[PDB]
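Chains as they are written, first to last, in the authors' numbering: chain A, 1 to 91; chain A', 1 to 91. A prime marks a further copy of an entry chain.
Written out below as structure tokens is the structure these notes cover.
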RNA sequence: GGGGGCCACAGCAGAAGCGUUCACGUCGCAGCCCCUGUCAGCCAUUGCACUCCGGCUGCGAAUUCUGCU
RNA sequence: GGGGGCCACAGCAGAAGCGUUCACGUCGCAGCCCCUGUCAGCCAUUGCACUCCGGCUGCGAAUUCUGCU
């Protein structure tokens, strides 16, 4: 079940919303063009984010590459999204 | 060993330096005139501060009154200062 | 923010679009590199000062056309 | 910040001192009370969204003289 958008959890939920999107973009993008990183610190979401890539191969590349990597003293649990983000759905 | 300046430790060391001086002043001052609250988040000092009162009776009042009070979900360990602050020393 | 340095970089002026900002006006806005006030993340610390000072890690902003020599 | 209300409050104008701000200029600055964006503190949460949204607690800025009716 691979698709354009990777899904990361086990993130340091104490990190500000903007510094997260920034540092997340910094860790990736060296895999392909990133379309958008989606975050929200609500109770439902919290320590997790959606990194949307331009081509699926960059998602597969970064998923296998960056798994378990320590991000703010915490290991990343990367996996493909249940559904491709509605921006990719409009493709 | 009572004197003008009370000494508090066991403070929430994760609190910003300014919000501490503010909320500390807010909890006291209803005991007498506060001259100055001295704080610094250095490793040497950290979770502790010096509340300087105008008359010693306010220090005794607040010390016996506010002992163990929960300040930012943490109990206050109040006690008199080893030496009266050099501002009181210049009296 | 702040300081320094690049084969990295025509120069100056206007205009628009941005950044900062509560918000306009002044102002400022290519690209990497290094140091660094902040701020933040773990980690450590229960500690008696009035002078700033723990380790490690990370963020550290804003560009386009137009004309002249 | 934002909104509302007080036996709490002469009115307006200038001047100085402050606040905001990287920094001046514009601007804004009695006192309590209530609600509340932020921000922060514990607490809880390992959670598949693209619409904002967990509980509790706390911070939530800046005044003086001068003249006129």
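Just so it is clear, CB atoms sit at the ideal spot from N, CA and C, and this is done for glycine as well.
Q) Given 8 Å as the limit, is there contact between the segment 46-60 of chain A' and the segment 20-33 of chain A', that is, 3 or more CB pairs closer than that? A) yes
Q) Rounded to whole angstroms, how far is the Cβ of residue 37 of chain A from the Cβ of residue 26 of chain A, which I believe are closer than 8 Å? A) So it is not a contact: roughly 10 Å between Cβ atoms.
Q | Where the beta strand (DSSP E) containing residue 77 of chain A' begins and where it ends | A | 77-80
Q | Per DSSP, the bridge partner or partners of residue 70 of chain A' | A | A':75
Q. Under a Cβ-count criterion, where at least 16 other Cβ atoms within 10 Å of its own Cβ denotes burial, should residue 87 of chain A be classed as buried or exposed?
A. exposed
Q: Under 8 Å by Cβ, that's how I've got residue 7 of chain A and residue 81 of chain A pegged, so tell me the actual separation to the nearest angstrom.
A: 5 Å
Q: Tell whether a beta-carbon distance below 9 Å holds between residue 41 of chain A' and residue 13 of chain A'.
A: yes
Q | Of the listed residues A:24, A:66 and A:83, nearest to residue 47 of chain A (C-alpha basis) | A | A:24
**Q.** Neighbourhood of residue 1 of chain A' by C-beta, 6 Å cutoff - its chain only, sequence neighbours within 5 removed
**A.** 80
Q.
My parser needs the alpha helix (DSSP H) runs of 4 or more residues fully inside the segment 41-65 of chain A'; what are they?
A. 56-65
Q | Other residues of its chain near residue 9 of chain A: CB distance less than 6 Å, five sequence neighbours each side excluded | A | 48 and 77
Q: Could you check if residue 83 of chain A' is buried or exposed, using at least 16 other CB atoms within 10 Å of its CB as the buried criterion?
A: exposed
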